[PDB]
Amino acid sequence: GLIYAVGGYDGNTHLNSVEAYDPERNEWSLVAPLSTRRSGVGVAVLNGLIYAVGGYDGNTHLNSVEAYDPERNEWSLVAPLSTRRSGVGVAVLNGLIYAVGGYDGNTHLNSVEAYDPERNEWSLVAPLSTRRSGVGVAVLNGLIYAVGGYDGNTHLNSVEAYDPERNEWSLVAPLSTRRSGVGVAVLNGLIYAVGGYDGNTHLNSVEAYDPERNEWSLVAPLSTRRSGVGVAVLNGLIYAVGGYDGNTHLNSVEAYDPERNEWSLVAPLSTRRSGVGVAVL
């Protein structure tokens, strides 16, 4: 019932701070910070813990992973990734947390690893066709979608879908707009790709993917252009948290209602941040 904004970069500092949003009161409050500063951090929720995966602390690309227990307001280090990953996409499916792509400081990655909390171990699974950081990762109907990113030479529109039962990725319809630093979330059978950077424009446009038709459609744009934006869904609204408009790191937050095809600003974060991970618990 709360949205957590985890880490990021405010333009001067790599952040360890963590803010929690109560939608019923429209307020953010600061909770226990991460132990390690992390921008470009991926976050996901499994069995009552929020996992913060990878990122960059301003001098080290991280393979470390910490887990937050809200009842104790405490982050604990868990098993590290096998590969250091900033700009990593992270999502949960069927009891595993997947860490998709990223950047290890020297190369954009196509590798993907999965964390099993029953084992406290990460294991490599099948790699992506195209290496990518700043990739959005969404889960819909038993498939993981890796959306956009940056391969080190090109801002990507390609979209790959992972079937865990066959351990295989396949390319589906690409985004209409290339998007690195894109936020993604799933609501009522559509995947929304929110904002990002296409290599020359910080985007306020938003597109939605229907898997049945293998088609992306443009929907209402954000009121503010946002790359490095954190995105998550709660109670029928998609929240776009923070980001960077090309000139300033943002503390504003907007919510998309599919019943209205409209975005509306809600309460802003205490600290501006891009490269922020957003989780719902």
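Just count from 1 along the sequence shown to find any residue number.
Stretches 229-237 and 28-36 differ in mean CA B factor, with 229-237 having the higher one. Sorting 201, 177, 170, 111 by the CA temperature factor given in the entry leaves 201 at the top. The top Cα temperature factor in the record, among 120, 82, 158, 73, falls on 82. Residue 136 sits in the middle third of its chain by CA B factor, as recorded in the PDB entry. Residue 276: CA B factor in the middle third of modelled residues in this chain (values from the PDB entry). When the modelled residues of the chain are ordered by C-alpha B-factor, residue 265 sits in the highest third. In this PDB entry, residue 208 carries a Cα temperature factor that places it within the lowest third of its chain's modelled residues. Annotation for residue 91: CA B-factor lies in the highest third of the chain's modelled residues.
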